[PDB]
file data18.txt (compact mmCIF, N, CA, C and O atoms)
# COMPACT_ATOMS: atom_id res chain seq x y z
N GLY A 1 102.39 113.73 134.34
CA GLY A 1 100.99 113.65 133.83
C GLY A 1 100.26 112.42 134.33
O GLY A 1 99.06 112.25 134.11
N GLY A 2 101.01 111.54 135.00
CA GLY A 2 100.42 110.33 135.53
C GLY A 2 100.77 109.11 134.71
O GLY A 2 100.39 107.99 135.06
N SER A 3 101.48 109.32 133.60
CA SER A 3 101.88 108.21 132.74
C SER A 3 103.21 107.60 133.20
O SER A 3 103.25 106.88 134.19
N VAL A 4 104.28 107.89 132.47
CA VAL A 4 105.59 107.37 132.81
C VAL A 4 106.30 108.22 133.84
O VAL A 4 106.40 109.44 133.69
N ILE A 5 106.79 107.57 134.89
CA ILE A 5 107.51 108.25 135.97
C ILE A 5 109.01 108.12 135.72
O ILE A 5 109.54 107.01 135.68
N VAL A 6 109.68 109.26 135.57
CA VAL A 6 111.12 109.26 135.33
C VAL A 6 111.89 109.17 136.63
O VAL A 6 111.75 110.01 137.51
N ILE A 7 112.72 108.13 136.76
CA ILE A 7 113.51 107.92 137.95
C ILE A 7 114.79 108.73 137.78
O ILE A 7 115.47 108.63 136.76
N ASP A 8 115.12 109.54 138.78
CA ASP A 8 116.32 110.39 138.69
C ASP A 8 117.35 110.06 139.74
O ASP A 8 118.41 110.67 139.79
N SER A 9 117.04 109.09 140.60
CA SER A 9 117.96 108.70 141.66
C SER A 9 117.57 107.38 142.29
O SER A 9 116.46 106.89 142.11
N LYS A 10 118.51 106.84 143.05
CA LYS A 10 118.31 105.59 143.77
C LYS A 10 117.20 105.77 144.82
O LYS A 10 116.41 104.86 145.08
N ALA A 11 117.15 106.95 145.43
CA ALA A 11 116.14 107.26 146.44
C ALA A 11 114.77 107.21 145.76
O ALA A 11 113.83 106.64 146.31
N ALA A 12 114.66 107.80 144.58
CA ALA A 12 113.39 107.78 143.85
C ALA A 12 113.09 106.32 143.48
O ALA A 12 111.96 105.85 143.62
N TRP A 13 114.11 105.59 143.03
CA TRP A 13 113.92 104.18 142.70
C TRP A 13 113.30 103.41 143.88
O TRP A 13 112.31 102.70 143.71
N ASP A 14 113.90 103.53 145.06
CA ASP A 14 113.40 102.83 146.25
C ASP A 14 111.98 103.27 146.64
O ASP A 14 111.16 102.45 147.06
N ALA A 15 111.69 104.55 146.49
CA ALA A 15 110.36 105.03 146.84
C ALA A 15 109.33 104.43 145.89
O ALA A 15 108.24 104.05 146.31
N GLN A 16 109.66 104.33 144.61
CA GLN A 16 108.69 103.80 143.65
C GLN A 16 108.47 102.31 143.81
O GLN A 16 107.33 101.85 143.68
N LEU A 17 109.52 101.54 144.11
CA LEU A 17 109.32 100.11 144.30
C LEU A 17 108.42 99.90 145.51
O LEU A 17 107.51 99.06 145.48
N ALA A 18 108.65 100.68 146.56
CA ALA A 18 107.86 100.62 147.78
C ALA A 18 106.40 100.95 147.46
O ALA A 18 105.49 100.36 148.03
N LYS A 19 106.19 101.90 146.54
CA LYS A 19 104.84 102.29 146.15
C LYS A 19 104.13 101.07 145.55
O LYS A 19 103.03 100.72 145.97
N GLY A 20 104.76 100.42 144.56
CA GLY A 20 104.16 99.24 143.96
C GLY A 20 103.77 98.18 144.99
O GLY A 20 102.73 97.53 144.87
N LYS A 21 104.61 98.02 146.01
CA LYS A 21 104.35 97.06 147.09
C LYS A 21 103.16 97.48 147.95
O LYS A 21 102.34 96.64 148.32
N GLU A 22 103.09 98.77 148.29
CA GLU A 22 102.00 99.30 149.11
C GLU A 22 100.67 99.31 148.35
O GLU A 22 99.62 99.01 148.91
N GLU A 23 100.70 99.67 147.07
CA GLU A 23 99.46 99.69 146.32
C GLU A 23 99.11 98.34 145.75
O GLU A 23 98.02 98.16 145.24
N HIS A 24 100.03 97.38 145.84
CA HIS A 24 99.79 96.04 145.30
C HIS A 24 99.49 96.10 143.81
O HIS A 24 98.51 95.56 143.33
N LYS A 25 100.36 96.80 143.09
CA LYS A 25 100.24 96.96 141.64
C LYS A 25 101.60 96.58 141.08
O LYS A 25 102.62 96.85 141.70
N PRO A 26 101.62 95.94 139.91
CA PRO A 26 102.91 95.56 139.34
C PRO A 26 103.58 96.81 138.74
O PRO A 26 102.90 97.76 138.36
N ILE A 27 104.90 96.80 138.68
CA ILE A 27 105.66 97.91 138.12
C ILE A 27 106.41 97.41 136.88
O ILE A 27 107.03 96.36 136.92
N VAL A 28 106.35 98.15 135.78
CA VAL A 28 107.10 97.77 134.59
C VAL A 28 108.12 98.86 134.33
O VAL A 28 107.77 100.04 134.20
N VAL A 29 109.39 98.48 134.28
CA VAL A 29 110.45 99.45 134.09
C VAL A 29 111.12 99.36 132.74
O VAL A 29 111.39 98.28 132.25
N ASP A 30 111.38 100.52 132.15
CA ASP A 30 112.07 100.59 130.86
C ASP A 30 113.48 101.14 131.10
O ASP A 30 113.64 102.31 131.44
N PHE A 31 114.48 100.27 130.98
CA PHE A 31 115.88 100.68 131.14
C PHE A 31 116.34 101.08 129.74
O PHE A 31 116.45 100.26 128.83
N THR A 32 116.63 102.37 129.57
CA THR A 32 117.00 102.92 128.29
C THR A 32 118.23 103.85 128.34
O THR A 32 118.79 104.11 129.41
N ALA A 33 118.63 104.35 127.18
CA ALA A 33 119.76 105.27 127.09
C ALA A 33 119.59 106.15 125.86
O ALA A 33 119.04 105.71 124.85
N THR A 34 120.09 107.38 125.94
CA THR A 34 119.97 108.31 124.81
C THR A 34 120.69 107.83 123.54
O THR A 34 120.26 108.15 122.42
N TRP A 35 121.75 107.04 123.69
CA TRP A 35 122.50 106.54 122.52
C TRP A 35 121.93 105.28 121.90
O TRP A 35 122.41 104.82 120.85
N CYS A 36 120.90 104.73 122.53
CA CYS A 36 120.30 103.50 122.05
C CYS A 36 119.22 103.73 120.99
O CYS A 36 118.13 104.20 121.30
N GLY A 37 119.54 103.38 119.75
CA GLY A 37 118.59 103.54 118.66
C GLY A 37 117.29 102.77 118.82
O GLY A 37 116.21 103.35 118.75
N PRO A 38 117.36 101.45 119.00
CA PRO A 38 116.13 100.67 119.16
C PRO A 38 115.30 101.16 120.35
O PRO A 38 114.07 101.06 120.33
N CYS A 39 115.96 101.70 121.37
CA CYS A 39 115.24 102.22 122.53
C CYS A 39 114.37 103.40 122.10
O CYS A 39 113.22 103.53 122.54
N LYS A 40 114.92 104.26 121.24
CA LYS A 40 114.19 105.42 120.75
C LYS A 40 112.97 104.97 119.96
O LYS A 40 111.93 105.61 119.99
N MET A 41 113.11 103.85 119.27
CA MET A 41 112.00 103.33 118.48
C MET A 41 110.85 102.72 119.27
O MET A 41 109.70 102.81 118.84
N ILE A 42 111.13 102.11 120.41
CA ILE A 42 110.08 101.49 121.20
C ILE A 42 109.47 102.39 122.28
O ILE A 42 108.42 102.09 122.84
N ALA A 43 110.12 103.52 122.55
CA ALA A 43 109.62 104.42 123.57
C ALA A 43 108.17 104.87 123.32
O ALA A 43 107.36 104.91 124.24
N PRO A 44 107.83 105.22 122.07
CA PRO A 44 106.44 105.65 121.84
C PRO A 44 105.42 104.61 122.32
O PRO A 44 104.39 104.95 122.89
N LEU A 45 105.72 103.33 122.10
CA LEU A 45 104.82 102.28 122.53
C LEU A 45 104.74 102.20 124.06
O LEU A 45 103.64 102.09 124.63
N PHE A 46 105.89 102.26 124.73
CA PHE A 46 105.92 102.19 126.18
C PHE A 46 105.01 103.26 126.78
O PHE A 46 104.32 103.03 127.78
N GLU A 47 105.02 104.44 126.17
CA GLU A 47 104.19 105.54 126.64
C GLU A 47 102.71 105.26 126.40
O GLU A 47 101.88 105.51 127.28
N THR A 48 102.38 104.75 125.22
CA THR A 48 100.99 104.42 124.90
C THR A 48 100.49 103.38 125.89
O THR A 48 99.40 103.51 126.46
N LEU A 49 101.30 102.33 126.09
CA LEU A 49 100.93 101.28 127.02
C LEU A 49 100.70 101.87 128.40
O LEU A 49 99.85 101.39 129.14
N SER A 50 101.45 102.91 128.74
CA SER A 50 101.28 103.52 130.05
C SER A 50 99.93 104.23 130.13
O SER A 50 99.33 104.31 131.20
N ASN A 51 99.43 104.73 129.01
CA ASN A 51 98.13 105.39 129.03
C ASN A 51 97.06 104.31 129.06
O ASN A 51 96.07 104.42 129.78
N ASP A 52 97.27 103.25 128.29
CA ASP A 52 96.31 102.16 128.24
C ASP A 52 96.17 101.38 129.54
O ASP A 52 95.12 100.80 129.80
N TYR A 53 97.20 101.37 130.37
CA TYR A 53 97.13 100.62 131.62
C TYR A 53 97.17 101.47 132.87
O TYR A 53 97.37 100.96 133.97
N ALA A 54 97.00 102.78 132.69
CA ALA A 54 97.02 103.70 133.82
C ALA A 54 96.08 103.15 134.90
O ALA A 54 94.98 102.70 134.60
N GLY A 55 96.52 103.19 136.15
CA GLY A 55 95.69 102.69 137.23
C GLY A 55 95.82 101.20 137.48
O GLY A 55 95.46 100.73 138.56
N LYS A 56 96.31 100.44 136.51
CA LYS A 56 96.48 99.00 136.72
C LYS A 56 97.95 98.65 136.90
O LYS A 56 98.30 97.76 137.66
N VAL A 57 98.81 99.35 136.17
CA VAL A 57 100.25 99.11 136.22
C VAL A 57 101.00 100.43 136.31
O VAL A 57 100.58 101.42 135.72
N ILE A 58 102.10 100.42 137.06
CA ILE A 58 102.93 101.60 137.23
C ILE A 58 104.10 101.49 136.26
O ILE A 58 104.78 100.46 136.21
N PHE A 59 104.34 102.55 135.49
CA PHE A 59 105.42 102.56 134.51
C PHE A 59 106.57 103.48 134.91
O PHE A 59 106.36 104.66 135.19
N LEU A 60 107.78 102.93 134.94
CA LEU A 60 108.95 103.73 135.29
C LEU A 60 109.95 103.72 134.14
O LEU A 60 110.02 102.77 133.35
N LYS A 61 110.74 104.79 134.06
CA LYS A 61 111.75 104.90 133.04
C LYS A 61 113.08 105.23 133.70
O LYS A 61 113.19 106.17 134.49
N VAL A 62 114.10 104.44 133.39
CA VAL A 62 115.42 104.67 133.95
C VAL A 62 116.46 104.85 132.86
O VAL A 62 116.68 103.96 132.03
N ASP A 63 117.06 106.04 132.84
CA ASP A 63 118.11 106.33 131.88
C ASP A 63 119.35 105.76 132.54
O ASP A 63 119.83 106.32 133.54
N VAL A 64 119.87 104.65 132.02
CA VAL A 64 121.03 103.99 132.63
C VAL A 64 122.24 104.87 132.88
O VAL A 64 122.92 104.72 133.89
N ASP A 65 122.53 105.78 131.96
CA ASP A 65 123.69 106.64 132.16
C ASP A 65 123.44 107.68 133.26
O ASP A 65 124.34 107.99 134.04
N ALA A 66 122.21 108.18 133.37
CA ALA A 66 121.87 109.17 134.38
C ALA A 66 121.75 108.59 135.80
O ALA A 66 121.91 109.31 136.78
N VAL A 67 121.47 107.29 135.90
CA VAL A 67 121.31 106.66 137.21
C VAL A 67 122.08 105.33 137.25
O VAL A 67 121.49 104.25 137.41
N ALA A 68 123.40 105.44 137.12
CA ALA A 68 124.28 104.27 137.10
C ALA A 68 124.09 103.28 138.24
O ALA A 68 124.16 102.06 138.03
N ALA A 69 123.86 103.79 139.45
CA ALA A 69 123.68 102.93 140.62
C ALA A 69 122.55 101.92 140.46
O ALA A 69 122.68 100.77 140.88
N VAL A 70 121.44 102.37 139.87
CA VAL A 70 120.29 101.49 139.68
C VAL A 70 120.57 100.52 138.54
O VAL A 70 120.22 99.34 138.62
N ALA A 71 121.19 101.03 137.49
CA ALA A 71 121.52 100.24 136.31
C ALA A 71 122.43 99.08 136.73
O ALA A 71 122.20 97.93 136.35
N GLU A 72 123.45 99.40 137.52
CA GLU A 72 124.37 98.37 137.96
C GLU A 72 123.71 97.30 138.81
O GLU A 72 123.89 96.12 138.57
N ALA A 73 122.92 97.73 139.80
CA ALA A 73 122.25 96.77 140.67
C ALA A 73 121.27 95.90 139.89
O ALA A 73 121.11 94.70 140.17
N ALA A 74 120.61 96.49 138.91
CA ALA A 74 119.64 95.77 138.11
C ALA A 74 120.28 94.74 137.16
O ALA A 74 119.57 93.93 136.55
N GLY A 75 121.60 94.78 137.01
CA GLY A 75 122.27 93.81 136.15
C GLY A 75 122.03 93.98 134.66
O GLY A 75 121.94 93.00 133.92
N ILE A 76 121.95 95.23 134.21
CA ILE A 76 121.72 95.59 132.82
C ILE A 76 122.95 95.41 131.90
O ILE A 76 124.05 95.83 132.24
N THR A 77 122.75 94.79 130.74
CA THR A 77 123.86 94.61 129.80
C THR A 77 123.47 94.97 128.35
O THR A 77 124.32 95.40 127.56
N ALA A 78 122.20 94.78 127.99
CA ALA A 78 121.70 95.11 126.65
C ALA A 78 120.49 96.05 126.75
O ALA A 78 119.73 96.01 127.73
N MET A 79 120.30 96.88 125.73
CA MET A 79 119.22 97.84 125.69
C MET A 79 118.32 97.63 124.47
O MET A 79 118.79 97.30 123.38
N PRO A 80 117.00 97.80 124.66
CA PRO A 80 116.40 98.16 125.95
C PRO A 80 116.11 96.93 126.79
O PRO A 80 116.00 95.83 126.25
N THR A 81 116.00 97.12 128.09
CA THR A 81 115.65 96.02 128.98
C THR A 81 114.44 96.47 129.77
O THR A 81 114.37 97.62 130.21
N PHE A 82 113.48 95.55 129.92
CA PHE A 82 112.26 95.80 130.66
C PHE A 82 112.19 94.84 131.85
O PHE A 82 112.44 93.66 131.72
N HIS A 83 111.88 95.37 133.03
CA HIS A 83 111.75 94.51 134.20
C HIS A 83 110.35 94.68 134.74
O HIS A 83 109.72 95.72 134.55
N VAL A 84 109.85 93.64 135.40
CA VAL A 84 108.58 93.76 136.07
C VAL A 84 108.92 93.56 137.54
O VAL A 84 109.70 92.68 137.89
N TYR A 85 108.37 94.40 138.40
CA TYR A 85 108.62 94.28 139.83
C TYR A 85 107.30 94.09 140.53
O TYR A 85 106.31 94.74 140.18
N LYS A 86 107.30 93.20 141.51
CA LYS A 86 106.12 92.91 142.33
C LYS A 86 106.58 92.67 143.77
O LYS A 86 107.54 91.92 144.02
N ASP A 87 105.90 93.30 144.73
CA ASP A 87 106.25 93.18 146.15
C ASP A 87 107.72 93.50 146.40
O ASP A 87 108.35 92.85 147.24
N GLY A 88 108.25 94.47 145.68
CA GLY A 88 109.63 94.89 145.87
C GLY A 88 110.76 94.10 145.21
O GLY A 88 111.93 94.48 145.34
N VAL A 89 110.44 93.02 144.51
CA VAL A 89 111.48 92.21 143.87
C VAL A 89 111.23 92.00 142.40
O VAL A 89 110.12 92.16 141.92
N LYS A 90 112.28 91.63 141.67
CA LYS A 90 112.16 91.40 140.24
C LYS A 90 111.34 90.12 140.03
O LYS A 90 111.63 89.09 140.65
N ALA A 91 110.31 90.21 139.19
CA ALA A 91 109.44 89.07 138.94
C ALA A 91 109.49 88.59 137.50
O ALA A 91 109.08 87.49 137.21
N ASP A 92 109.97 89.42 136.58
CA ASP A 92 110.00 89.00 135.18
C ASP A 92 110.77 90.05 134.41
O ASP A 92 110.97 91.17 134.90
N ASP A 93 111.23 89.69 133.21
CA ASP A 93 111.96 90.63 132.38
C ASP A 93 111.83 90.36 130.88
O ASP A 93 111.32 89.32 130.47
N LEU A 94 112.27 91.32 130.08
CA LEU A 94 112.24 91.22 128.62
C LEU A 94 113.38 92.07 128.11
O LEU A 94 113.52 93.24 128.50
N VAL A 95 114.21 91.51 127.24
CA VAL A 95 115.34 92.26 126.70
C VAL A 95 115.19 92.32 125.20
O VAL A 95 114.92 91.31 124.55
N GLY A 96 115.36 93.52 124.64
CA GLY A 96 115.23 93.69 123.21
C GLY A 96 114.09 94.63 122.91
O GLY A 96 113.28 94.93 123.78
N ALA A 97 114.00 95.08 121.67
CA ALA A 97 112.95 96.00 121.29
C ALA A 97 111.80 95.32 120.56
O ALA A 97 111.33 95.81 119.55
N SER A 98 111.35 94.19 121.09
CA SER A 98 110.25 93.47 120.47
C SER A 98 108.92 94.08 120.92
O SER A 98 108.52 93.92 122.08
N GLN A 99 108.24 94.77 120.01
CA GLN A 99 106.97 95.40 120.35
C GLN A 99 105.92 94.38 120.75
O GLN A 99 105.19 94.58 121.73
N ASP A 100 105.83 93.29 120.00
CA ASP A 100 104.85 92.26 120.30
C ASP A 100 105.10 91.59 121.64
O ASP A 100 104.15 91.19 122.32
N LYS A 101 106.36 91.46 122.04
CA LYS A 101 106.66 90.84 123.31
C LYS A 101 106.41 91.81 124.47
O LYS A 101 106.04 91.38 125.55
N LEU A 102 106.62 93.10 124.23
CA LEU A 102 106.40 94.11 125.26
C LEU A 102 104.90 94.14 125.62
O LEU A 102 104.53 94.17 126.80
N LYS A 103 104.06 94.11 124.59
CA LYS A 103 102.61 94.12 124.77
C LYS A 103 102.13 92.93 125.59
O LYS A 103 101.31 93.07 126.51
N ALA A 104 102.66 91.76 125.26
CA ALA A 104 102.30 90.52 125.93
C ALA A 104 102.73 90.51 127.39
O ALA A 104 102.02 90.02 128.27
N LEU A 105 103.93 91.05 127.64
CA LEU A 105 104.48 91.14 128.98
C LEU A 105 103.58 92.00 129.88
O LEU A 105 103.22 91.58 130.98
N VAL A 106 103.24 93.20 129.42
CA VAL A 106 102.39 94.09 130.20
C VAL A 106 101.02 93.47 130.44
O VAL A 106 100.55 93.41 131.58
N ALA A 107 100.38 92.98 129.38
CA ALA A 107 99.07 92.34 129.51
C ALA A 107 99.14 91.19 130.52
O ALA A 107 98.29 91.07 131.41
N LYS A 108 100.15 90.34 130.38
CA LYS A 108 100.31 89.23 131.30
C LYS A 108 100.28 89.66 132.77
O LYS A 108 99.57 89.08 133.58
N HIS A 109 101.06 90.68 133.12
CA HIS A 109 101.09 91.10 134.52
C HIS A 109 99.95 92.01 134.94
O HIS A 109 99.67 92.14 136.13
N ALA A 110 99.28 92.62 133.98
CA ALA A 110 98.13 93.47 134.28
C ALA A 110 97.06 92.56 134.89
O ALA A 110 96.22 93.01 135.66
N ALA A 111 97.11 91.28 134.53
CA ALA A 111 96.16 90.27 134.99
C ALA A 111 96.60 89.63 136.30
O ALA A 111 96.79 90.32 137.30
N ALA A 112 96.77 88.31 136.29
CA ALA A 112 97.19 87.59 137.50
C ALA A 112 98.01 86.33 137.19
O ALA A 112 99.13 86.22 137.74

call {"tool": "encode", "arguments": {"input": "data18.txt", "output": "structure tokens"}}
result
Amino acid sequence: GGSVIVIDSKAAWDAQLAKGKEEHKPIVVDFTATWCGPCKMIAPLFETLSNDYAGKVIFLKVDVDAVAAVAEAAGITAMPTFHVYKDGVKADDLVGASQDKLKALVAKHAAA
């Protein structure tokens, strides 16, 4: 629908990071899992934020169990974990289900 893009493979992962680099837009990733309770609780917000920032920020969702290769490379240990990517590299992160911190993180990078 143009909101959250579900990553299903490493190939998709690489294509999306490249997209952020080509469009010069920051990417915010939600590393989650079906067994993660707090992840289930913050997902509604991540989606809303994706509607609120459509066109300014690209939102990706990675199910760690479904795409182990990306999860491992990303260095994930606790859920949920949020990463910000710019020009193809990790630029910032947030770990935990803090709604107030998630909002601040997105707003911060939506700017400059």

call {"tool": "closest_residue", "arguments": {"input": "data18.txt", "among": "A:81, A:98, A:16, A:51", "to": "residue 32 of chain A", "atoms": "only C-alpha atoms"}}
result
A:81

call {"tool": "closest_residue", "arguments": {"input": "data18.txt", "among": "A:8, A:59, A:27, A:15", "to": "residue 90 of chain A", "atoms": "only N, CA, C and O atoms"}}
result
A:27

call {"tool": "select_by_dssp", "arguments": {"input": "data18.txt", "residues": "segment 12-53 of chain A", "states": "helix (DSSP H, G or I)", "output": "JSON, numbers by chain"}}
result
{"A": [12, 13, 14, 15, 16, 17, 18, 19, 20, 21, 22, 23, 37, 38, 39, 40, 41, 42, 43, 44, 45, 46, 47, 48, 49, 50, 51, 52]}

call {"tool": "residues_around", "arguments": {"input": "data18.txt", "residues": "residue 7 of chain A", "least_positions_apart": "5", "cutoff": "5 Å", "atoms": "all atoms listed in the file", "output": "number ranges by chain"}}
result
A: 61-63

call {"tool": "select_by_dssp", "arguments": {"input": "data18.txt", "residues": "segment 1-104 of chain A", "states": "strand (DSSP E)", "output": "ChimeraX atom specification"}}
result
/A:4-7,27-32,58-63,81-86,89-95

call {"tool": "closest_residue", "arguments": {"input": "data18.txt", "among": "A:111, A:60, A:29, A:97", "to": "residue 84 of chain A", "atoms": "only N, CA, C and O atoms"}}
result
A:29

call {"tool": "atom_distance", "arguments": {"input": "data18.txt", "atom1": "atom O of residue 45 of chain A", "atom2": "atom CA of residue 109 of chain A"}}
result
15.0 Å

call {"tool": "closest_residue", "arguments": {"input": "data18.txt", "among": "A:58, A:42, A:36, A:91", "to": "residue 78 of chain A", "atoms": "only C-alpha atoms"}}
result
A:36

call {"tool": "closest_residue", "arguments": {"input": "data18.txt", "among": "A:95, A:26, A:70, A:12", "to": "residue 55 of chain A", "atoms": "all atoms listed in the file"}}
result
A:26

call {"tool": "residues_around", "arguments": {"input": "data18.txt", "residues": "residue 83 of chain A", "least_positions_apart": "6", "cutoff": "6 Å", "atoms": "all atoms listed in the file", "output": "NGL selection string"}}
result
:A and (27-31 or 92-94)

call {"tool": "decode", "arguments": {"input": "data18.txt", "residues": "segment 28-49 of chain A", "atoms": "N, CA, C and O atoms", "output": "compact mmCIF listing (two decimals), in the first residue's frame"}}
result
# COMPACT_ATOMS: atom_id res chain seq x y z
N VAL A 28 13.99 3.50 8.06
CA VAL A 28 13.84 3.08 9.45
C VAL A 28 13.36 1.64 9.42
O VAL A 28 12.33 1.32 8.81
N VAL A 29 14.11 0.75 10.06
CA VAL A 29 13.78 -0.66 10.05
C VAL A 29 13.30 -1.17 11.39
O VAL A 29 13.86 -0.84 12.42
N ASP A 30 12.26 -2.00 11.36
CA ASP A 30 11.72 -2.61 12.57
C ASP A 30 12.08 -4.10 12.55
O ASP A 30 11.54 -4.85 11.73
N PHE A 31 13.01 -4.50 13.42
CA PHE A 31 13.40 -5.91 13.52
C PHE A 31 12.47 -6.50 14.58
O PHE A 31 12.54 -6.15 15.76
N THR A 32 11.62 -7.42 14.15
CA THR A 32 10.62 -8.01 15.02
C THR A 32 10.52 -9.54 14.89
O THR A 32 11.21 -10.16 14.09
N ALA A 33 9.64 -10.14 15.69
CA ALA A 33 9.43 -11.58 15.65
C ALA A 33 8.02 -11.89 16.14
O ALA A 33 7.48 -11.18 16.99
N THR A 34 7.42 -12.95 15.60
CA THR A 34 6.06 -13.33 15.99
C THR A 34 5.92 -13.68 17.48
O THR A 34 4.85 -13.47 18.08
N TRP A 35 6.99 -14.17 18.11
CA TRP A 35 6.94 -14.54 19.53
C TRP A 35 7.19 -13.40 20.49
O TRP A 35 7.08 -13.55 21.71
N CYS A 36 7.52 -12.24 19.94
CA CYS A 36 7.83 -11.07 20.75
C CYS A 36 6.59 -10.27 21.14
O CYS A 36 6.00 -9.58 20.30
N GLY A 37 6.22 -10.35 22.41
CA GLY A 37 5.06 -9.62 22.90
C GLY A 37 5.14 -8.11 22.75
O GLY A 37 4.25 -7.49 22.16
N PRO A 38 6.19 -7.48 23.30
CA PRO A 38 6.31 -6.02 23.17
C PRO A 38 6.34 -5.58 21.71
O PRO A 38 5.90 -4.48 21.38
N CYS A 39 6.86 -6.43 20.83
CA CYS A 39 6.90 -6.10 19.40
C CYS A 39 5.48 -5.96 18.87
O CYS A 39 5.18 -5.06 18.09
N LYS A 40 4.61 -6.88 19.30
CA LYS A 40 3.21 -6.86 18.87
C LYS A 40 2.55 -5.58 19.34
O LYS A 40 1.69 -5.02 18.66
N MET A 41 2.95 -5.10 20.50
CA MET A 41 2.37 -3.88 21.05
C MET A 41 2.78 -2.58 20.35
O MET A 41 1.99 -1.65 20.28
N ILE A 42 4.01 -2.52 19.84
CA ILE A 42 4.48 -1.30 19.19
C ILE A 42 4.26 -1.27 17.68
O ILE A 42 4.36 -0.21 17.05
N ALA A 43 3.92 -2.41 17.09
CA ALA A 43 3.71 -2.46 15.65
C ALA A 43 2.65 -1.46 15.16
O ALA A 43 2.85 -0.79 14.15
N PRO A 44 1.51 -1.34 15.88
CA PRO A 44 0.51 -0.37 15.40
C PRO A 44 1.09 1.03 15.22
O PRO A 44 0.78 1.73 14.26
N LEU A 45 1.96 1.44 16.14
CA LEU A 45 2.57 2.76 16.05
C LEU A 45 3.51 2.86 14.84
O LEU A 45 3.47 3.84 14.09
N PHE A 46 4.34 1.84 14.65
CA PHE A 46 5.28 1.84 13.53
C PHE A 46 4.53 2.05 12.22
O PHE A 46 5.00 2.75 11.32
N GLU A 47 3.36 1.43 12.10
CA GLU A 47 2.54 1.56 10.90
C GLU A 47 1.98 2.97 10.76
O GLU A 47 2.00 3.54 9.67
N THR A 48 1.48 3.53 11.86
CA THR A 48 0.94 4.89 11.84
C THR A 48 2.05 5.85 11.43
O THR A 48 1.85 6.71 10.56
N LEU A 49 3.21 5.71 12.05
CA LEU A 49 4.34 6.56 11.73
C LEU A 49 4.68 6.44 10.26
O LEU A 49 5.09 7.41 9.64
